[PDB]
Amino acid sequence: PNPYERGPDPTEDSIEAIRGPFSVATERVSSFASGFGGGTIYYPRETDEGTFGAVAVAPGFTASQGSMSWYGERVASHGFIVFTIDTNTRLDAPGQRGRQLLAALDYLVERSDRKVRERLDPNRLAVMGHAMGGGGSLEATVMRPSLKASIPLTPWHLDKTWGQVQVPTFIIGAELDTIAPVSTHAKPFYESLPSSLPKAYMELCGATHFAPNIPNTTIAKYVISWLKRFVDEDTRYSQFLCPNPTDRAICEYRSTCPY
């Protein structure tokens, strides 16, 4: 029995559903928090199944947490703590956004409310980011290799080599992305990840740079599965990740299955 498994046995319908089995409560964190510009914590109300893991979600260049708000109720209702954060300034670079993703996770572990702290397993943390926040997601794993998962969403970064990343990384790219072209960003990041790293690359057909900013079932179903598999060690979700998904919305998928 996995001590981290939460919720009933999943199906493809359950991971695609807009609402998971857990009721969600929210809390506002002031932007004057140390190390980052505040945000909103989405946590499950139910507590009788055990403490949950947490993921901090970073926005892109000049964007706020509102561009990532739909991940809050979507992911947290499946049994996770979600921290959609704002950066110190809207002009922050990927390297700075990686530091503030860690500062957001440290706030959850060290200085969070007792409603949040009681529901948090501080040993199982993850990061997720959009574009420049996706570059900061890669940065956060190099800065903290003890992280359990990492999901760069249409990532943007000047550094193309990530052969020292030790955290399971799930890169999602948009085929028609011209701001962070997958040929020069998303794919070079994935191919430079260690060949032995538990990694995956999902390219969405005909998607643009800001597709992760609105509800997307294809993004939602496999972001949930990736967090479940590596933050919860929940092998009940390995069926959705290995072998490679065959969704019509996916134009290309690469992975190092089995995990």
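Start at 1 and count along the sequence shown; that's the residue number.
S.K.: Please compare 96 to 104 with 111 to 119 and name the stretch with the higher mean C-alpha B-factor in the deposited structure.
M.R.: Comparing 96 to 104 with 111 to 119, the higher average CA B-factor belongs to 111 to 119.
S.K.: How does the C-alpha B factor of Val82 compare with the rest of the chain: lowest, middle or highest third?
M.R.: For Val82, the deposited C-alpha B-factor lands in the middle third.
S.K.: Determine, from the deposited record, the chain-internal third of the Cα B-factor for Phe230: lowest, middle or highest.
M.R.: Middle third.
S.K.: Looking at the entry's B-factor column for C-alpha atoms only, identify whether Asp177 ranks in the lowest, middle or highest third of its chain.
M.R.: It falls in the bottom third of the chain.
S.K.: In terms of the chain's CA B-factor thirds, is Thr217 lowest, middle or highest?
M.R.: CA B-factor rank for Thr217: middle third.
S.K.: For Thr208, does the deposited CA B-factor place it in the lowest, middle or highest third of the chain?
M.R.: Within its chain, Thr208 is a lowest-third residue by C-alpha B-factor, going by the deposited values.
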